[PDB]
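Next up: the same protein chain in two forms, each one alone, written as structure tokens (structure 1, then structure 2).
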Structure 1
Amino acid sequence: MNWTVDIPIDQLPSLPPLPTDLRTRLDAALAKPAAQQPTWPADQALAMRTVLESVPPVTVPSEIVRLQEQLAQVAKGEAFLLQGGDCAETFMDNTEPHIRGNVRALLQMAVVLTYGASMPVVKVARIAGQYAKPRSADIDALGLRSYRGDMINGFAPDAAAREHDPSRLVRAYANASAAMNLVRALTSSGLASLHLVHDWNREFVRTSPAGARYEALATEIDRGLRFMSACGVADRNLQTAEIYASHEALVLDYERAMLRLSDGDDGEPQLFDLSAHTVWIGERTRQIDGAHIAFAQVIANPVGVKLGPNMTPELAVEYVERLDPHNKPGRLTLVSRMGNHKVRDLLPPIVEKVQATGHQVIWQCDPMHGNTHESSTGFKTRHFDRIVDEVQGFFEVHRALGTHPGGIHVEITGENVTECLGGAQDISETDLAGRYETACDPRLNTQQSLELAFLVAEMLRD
């Protein structure tokens, strides 16, 4: 009568517990305060975690130690990181076409950034779990509790949908798993083929209005590829695409339910978060003595920390001390998100002081989150131009210092959406109402995210 189906969550027997020592450590760490947590009752949360402790993981430990070695390259200045995908994944759009479109977009950026940087690009999707977000107000504009992502409540704007229901924990796992399944299939398919991927770049250059501007680079990359193949490289000679899953580690009941211990064949058991390959802690949940930082300390996965305009060099050094106590290159990524009017002035002393610690972090640019604003026509938006200028400024600080602009972190879709302003298409304030589809922040659309790749490429070539 209400267009809903109820799926019973199966109550299945448990596997053995994690060992008691690591449990003792994890418990000590999660007694710390945790910001932004759902407000569901403990018994229900407890119940839902118990279901997730025995489900097949989303990732496995070997992929994560592989990601760790690729990231060390990045930290040593010999590889570049690309991380990008939906601001918020929703369950409704966790469909083959949308997932295929974001995977394409990302591989499309990747070949352009690879040519331009002249080194490997490690590809990290914001996918298979980006279902939770913070909020600054518990009351939104409609006078409702805030949407906090599909792992927590519903986007629909009513009270019943907005209550925090922990059965969304198991709904998230399911969608994460199904999405992961599909990204592994698509990355071992013809979709990954370099030759394919950059014929899209060429359809892009034909159809775009700033197309004349990018033709030269597009033709060069093309000739690059034609030269690979003329020298006898065919696609089975490359070893296949690797696209890694990441999300913000926000909801501790989910992340800790997804903890596992590794074979001990690799060598030495340890705790991995198998909800994803790498995760990051956000600007609202990175309190130095908080449950999120503590949790990142305990997990073997590479981690990242979002660093905003209020950040001090001294808080940054503490992150490095807390999150890279063994000095492992690429274990910690520090993510700059300052605004394009501020990165040139604010980032430099942060880098100087962290570089002096003797540790090797990855410096990655997030040119989105610092540069958001509301248009006169209602919608929340970002100016493409300001986004570009932030990557520009981040490259300029790294050049001036001799450190390595390690990568970017961007919110993008393969959809032809009208969320961010400007770009070649100069989406205006008027155009935002046509296809404003984000469940949260404004995403660069397919064309804009590509255009940005071209522009970051020319930056890597200087």
Structure 2
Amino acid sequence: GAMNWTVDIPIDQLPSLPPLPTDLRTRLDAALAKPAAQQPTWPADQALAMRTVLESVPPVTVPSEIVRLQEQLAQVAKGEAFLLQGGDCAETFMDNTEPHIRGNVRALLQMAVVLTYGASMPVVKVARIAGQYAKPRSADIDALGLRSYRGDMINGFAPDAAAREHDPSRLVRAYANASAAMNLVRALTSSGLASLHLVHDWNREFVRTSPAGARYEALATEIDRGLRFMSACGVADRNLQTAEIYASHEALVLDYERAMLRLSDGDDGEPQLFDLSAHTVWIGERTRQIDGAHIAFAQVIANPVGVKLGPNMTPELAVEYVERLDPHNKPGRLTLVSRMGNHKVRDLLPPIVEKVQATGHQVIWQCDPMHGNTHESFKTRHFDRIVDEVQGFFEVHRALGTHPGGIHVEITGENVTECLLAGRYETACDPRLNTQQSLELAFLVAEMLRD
């Protein structure tokens, strides 16, 4: 109650949920019985109580949006669209506010106009938002001797032991934060925030008040003339696609993902399991065990999925991911997310690309220039290394004649640090690019797209 600073929710006399088709039950249980890395260590009975609450809430997303996303991603996979994915490294309940969310929505719309122009093709916009509340860790004890912070879905950022304990009630606070943020992203994307003219006036402000501004002025002016041309031709906002921003996060906490599963109706074909906590999810580098629960869970859901591929990836293993995760040969169903470091991508990526291409499957190739790039000191990342990874990624694909399909970026609408610091280091986890650096990267990637 208010006196205890808690919301009390009775679980009993809640039930009556329709059973899954027998095969889906069997497969889902088989998937979840496999070993699972990076899971919270909280009690099974408390976890179950939280899942029962979540099994009956309104979903974050609906199946029809997910099949629409799959159709748009199929275009990307065929070389006819580009994927922009970006947002907070880790969302926090603390920053889950209208200014912060609007900041991320705007930054992503800004980047998308620039990339659409540079690419001369549609850009699919996927935010890391409305559920990016869990993060894997190498070590279970951090530099201070505390149990590691694993994101607000699991424990608290505060540096004391009680705050670090794994708290299954965070599954429910994660959901409430997620749907509040998704609700606002839907409102914002059908407001005037999404009109291209407005979005690009922001980019022109960036060009004035920026040290590298002169570098980007020509392209910003070219884009502005392209937009004014559109209107001169009689194209008004009403004659356009309303902005669609999709929600994604790493599918890490299987207690959360399984509780957000819903069965589709009879208007696809056969009923299918959709993870309705997001439109698309990805499986990270530490949870991608080929026979682990995460890959297997991914095989059971209908959502598009991604898999992060680090420097230790082989062509053979990459092909096994494709055959397990895209077994019906559905373009767009699978994204392979390269995160290799700028010093390694030119050498390690081509043989992987060649092998997968040879299978006849059409994956999206997406560059994650964040997580292969890092250095000692504050966790931080050089902008030039990030740019250079995306650059080498484009070189790999140009040489093979394959599609450089997208980028996956960690960013904020906030004027933060990390780009070389103590001034406003604000992240709950990894170094982002601030507003400015994100935008600068879009411009630079637009140039690689024109080339």
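Residue numbering: structure 1 sequence, from 1. Only residues modelled in both forms are compared. Take the two forms, find the largest set of C-alpha atoms that superpose within 1.5 Å, and that set is the rigid core.
Once the cores line up, the CA of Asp289 ends up less than 2 angstroms apart between structure 1 and structure 2. Positional change of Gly232 between structure 1 and structure 2 stays under 2 Å at the C-alpha, relative to the superposed core. After superposing the rigid core, the C-alpha of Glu314 moves by less than 2 Å between structure 1 and structure 2. A C-alpha shift of 7.8 Å is found for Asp6 between structure 1 and structure 2, based on superposition of the rigid core.
Relative to the superposed core, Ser136 moves its CA by 0.4 Å between structure 1 and structure 2. Fit the two forms on the rigid core and the C-alpha of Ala29 turns out 1.1 Å off between structure 1 and structure 2.
Residues present in both forms were compared between structure 1 and structure 2 after fitting on the core; consecutive runs of three or more with every C-alpha moved by 2 angstroms or more are 1-21, 265-268.
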